[PDB]
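Okay, here we've got a single chain as structure tokens, the form solved without ligand ATP, with questions on binding and movement later.
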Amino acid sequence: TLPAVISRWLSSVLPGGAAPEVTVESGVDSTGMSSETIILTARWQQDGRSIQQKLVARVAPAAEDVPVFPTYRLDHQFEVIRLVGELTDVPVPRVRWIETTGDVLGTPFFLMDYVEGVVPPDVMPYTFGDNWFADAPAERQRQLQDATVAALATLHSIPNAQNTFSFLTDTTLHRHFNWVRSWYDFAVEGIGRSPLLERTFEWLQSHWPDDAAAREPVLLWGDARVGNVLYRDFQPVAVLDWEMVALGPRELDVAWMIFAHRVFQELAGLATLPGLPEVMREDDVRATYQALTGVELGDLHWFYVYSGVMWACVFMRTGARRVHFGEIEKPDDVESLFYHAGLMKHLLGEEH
């Protein structure tokens, strides 16, 4: 039915007689689970010749899908991607159509143009080696890193972000914090409580980053990590995955990108692989960001703890989905799924 629906929308935009045909090129990830986005191929006729275009749909998930997040606003995702395209030179897919109602497919979705490129893999994590990024020269890896930090710096430099992105909304960090707490509560419902995360929320509250939270917020990409960027020749050609897009302190995106790589380094170490220890180091990332923006980042410590909580919410949702699909048993202790738990306990033992 998604291909049927896109074919119909194509019939309403292309010349009469184009007779578009739409098929699914890719609707699952490499483990056979439904993917975040679906790649479709559209074929039609124009002046006696075949035209073929790839399109990408993002569809909101239904309850029986075990969604990661408690609510979805695909309309906010679509508008940020559009505005980023308009206001900056950060490469993003061209948006084409949003169906906000859910009356057509069952749930809201939007369509974008396909961008060709490669992503540093999540499956297996790129720190496991045997992939284009891990196997590239150090120089090439650092070019990609620096270009990706540069894209982030550009996003964070959009003027008057609270006005321009007002649909996204005490401080912005306060409101984001309450949303993470709601995400945890949502996840608890599917898999059980984590005493660790509950003590961490208390820690986060009692060591609030007052200065960072008081400064002017910026547009936050959210899941700001190399796995969510398409590259060609080690340069970004599309920044993807705006699900966690927000307004907030710039430290949150920068801490997220650095910590995301540390979670994958930790998984690689558990696999007794050495990983990519020279990639996404805090010192290098802070130097690049600060040289590009002229803005001093607050200490990232709180934001790393905070990122750890959010990764744990993801793992709690992945865990629930895997039991729902019979793939695992509901774990004796949910914290077993948090392989960054030790990373987090060491951070919580520091004094900043």
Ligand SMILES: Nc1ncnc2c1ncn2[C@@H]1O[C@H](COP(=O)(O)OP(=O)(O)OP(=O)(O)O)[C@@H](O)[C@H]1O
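Numbering starts at 1 and runs along the sequence shown.
Another form exists, deposited with ligand ATP bound; not displayed. Remarks below refer to it.
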Non-hydrogen atom within 4.5 Å of ligand ATP in the bound PDB entry for each of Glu202, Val309 and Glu350: no
Interface segment, criterion being heavy atoms within 4.5 Å of ligand ATP in the bound PDB entry, picked from 171-179, 97-105, 262-270, 225-233: 225-233
One residue of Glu282, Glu79, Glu243, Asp146 in contact with ligand ATP, assessed in the bound PDB entry (non-hydrogen atom, 4.5 angstroms): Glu243
Selected contact from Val56, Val323, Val66, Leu292, since only one has a non-hydrogen atom within 4.5 angstroms of ligand ATP in the bound PDB entry: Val56
4.5 angstroms heavy atom contact with ligand ATP in the bound PDB entry for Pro93: yes
Contact of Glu189 with ligand ATP in the bound PDB entry (heavy atom, 4.5 Å): no
Partner contact for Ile39 in the bound PDB entry: ligand ATP, 4.5 angstroms, heavy atom: yes
Ligand ATP contact in the bound PDB entry: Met112, any heavy atom under 4.5 Å: yes
Within 328-352, the residues that have a heavy atom no more than 4.5 Å from ligand ATP in the bound PDB entry: none
